[PDB]
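Have a look below at one chain only, the form deposited in one PDB entry, in structure tokens format.
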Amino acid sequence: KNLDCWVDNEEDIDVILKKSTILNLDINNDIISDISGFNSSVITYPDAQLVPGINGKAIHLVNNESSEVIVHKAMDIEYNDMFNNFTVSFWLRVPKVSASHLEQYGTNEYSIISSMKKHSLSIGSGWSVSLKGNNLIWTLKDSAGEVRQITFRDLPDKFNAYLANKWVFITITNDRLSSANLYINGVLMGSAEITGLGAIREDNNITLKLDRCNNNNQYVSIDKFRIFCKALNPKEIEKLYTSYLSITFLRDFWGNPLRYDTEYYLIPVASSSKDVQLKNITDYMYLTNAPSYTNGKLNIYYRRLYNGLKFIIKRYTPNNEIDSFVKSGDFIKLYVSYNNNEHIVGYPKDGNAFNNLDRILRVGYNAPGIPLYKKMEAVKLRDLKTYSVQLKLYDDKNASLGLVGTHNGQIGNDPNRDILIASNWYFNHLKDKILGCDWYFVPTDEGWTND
């Protein structure tokens, strides 16, 4: 018998998952508690705040001694990790670090989560999760003081990286016979042999807090903090990852829930370096290259954000008391905000259409008495793991005018352009890996500022 816990029946993955869970932090009605089944006190200090999460509110930590969350483990699950296998998982959101902060604070390692033995004059064995610039570190120290680490260096392209302001899922497995393995969003990101380490008792406390960080602006966000009593297999890591990916409220680009009456810049997943722009009022919209920021000495670059048109989302039919969140299947109206005026986005009756099937959207098209088709459904049709959205346009008899996307061509006498359209064409390509109808909604956020 080895180190993974209770073994009986070969059952569902979902069963194994629950039956090997030893701590599980959920947040409900603003209380942070453990729902694993065991009880473990969770003490929330005065300055540990709460923010929009992946499936409810999540824990937010700033850089002062008041911003902390501690779990005292129950006397049942208090040994476990001494010579045993274990797995740690959590969702994490770390803002994008400015080029000044990297110049200044890039070599500064500091803890965010840990459980390491509290001694009279020192600190002993256990584990820690920490960060250093744009690197994510996992650390193990045994009783003899021997150390093994996993250091993951994030991607230089910040529009696509894991440590640059979107929600990402972290999972870390430990097999005291082969290895420590780090995964991000279900994909093995690095590893380390831990054969030869001895005892790893752990402190009776698990501390969530910023420790030894020299930057008083740094902050992180953490959610569903969870511990298993075994080393999870790749299959199980995956079912755990998507179990959180409920479909009901849509998501903006950072992976927070989508909202009505708030400004968003659109970016097509298929060409993430173009922004959307406007020909003229009553006219159409087309794509253009976004300006970029690059800094080879710091090892960083990205397409810049916040240029283009600002879109706003309104309930097709007015609410009554209701939430501000947009669910999938929700029918909305889509406006463009330009020159202190809001113009509706839509398609008219016998308006221009590449090959009479791809209808070219117009912004604020007004006319005598000419039907302007604007009813849209905002849904998630594909690619669960990506914070993207699809828009379906209807006409006045509830027929499909199709999905919002783009098609290349050339109007009047402007130059060739990728122009915005609606067509039922996408409906036959839904299984492609990349597809021109997937869109990102991007709001201004304090965690991403352009250099």
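Here the rigid core means the biggest group of C-alpha atoms that line up within 1.5 Å when the two forms are laid on top of each other. Note that residue numbering begins at 1 and tracks the sequence as displayed.
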| item | value |
| --- | --- |
| No coordinates for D4 in a third or more of the other PDB entries | no |
| Mean temperature factor over C-alpha atoms, higher-scoring stretch between 41-49 and 383-391 | 41-49 |
| Stretch with the greater mean C-alpha B-factor as recorded in the entry, comparing 161-169 against 245-253 | 245-253 |
| Out of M285, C213, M82, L136, highest CA B-factor residue | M82 |
| Per the PDB entry, maximal CA B factor within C437, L430, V442, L25 | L430 |
| Record-listed C-alpha B factor of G124: chain third | highest |
| For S221, the third of its chain into which the C-alpha B factor falls | lowest |
| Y335 by Cα B-factor - lowest, middle or highest third of the modelled chain | middle |
| Among modelled residues of the same chain, the CA temperature factor third for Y347 | middle |
| Within-chain third of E321 by Cα B-factor, per the entry | highest |
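This protein has a second form, the form deposited in another entry, left out of what is shown; the following refers to that one.
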| property | result |
| --- | --- |
| Shifted position (C-alpha, 2 Å or more, core held fixed) between this form and the one not shown, chosen from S122, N216, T107, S246 | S122 |
| Large Cα shift (2 Å or above) at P318 between this form and the one not shown, core-fitted | yes |
| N80: Cα shift of 2 Å or greater between this form and the one not shown (core-aligned) | yes |
| Inter-Cα distance between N24 and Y79 in the other entry, nearer or further [3 Å or more] | closer |
| Distance trend in the other entry - C-alpha atoms of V51 and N319, change of 3 Å or more | farther |
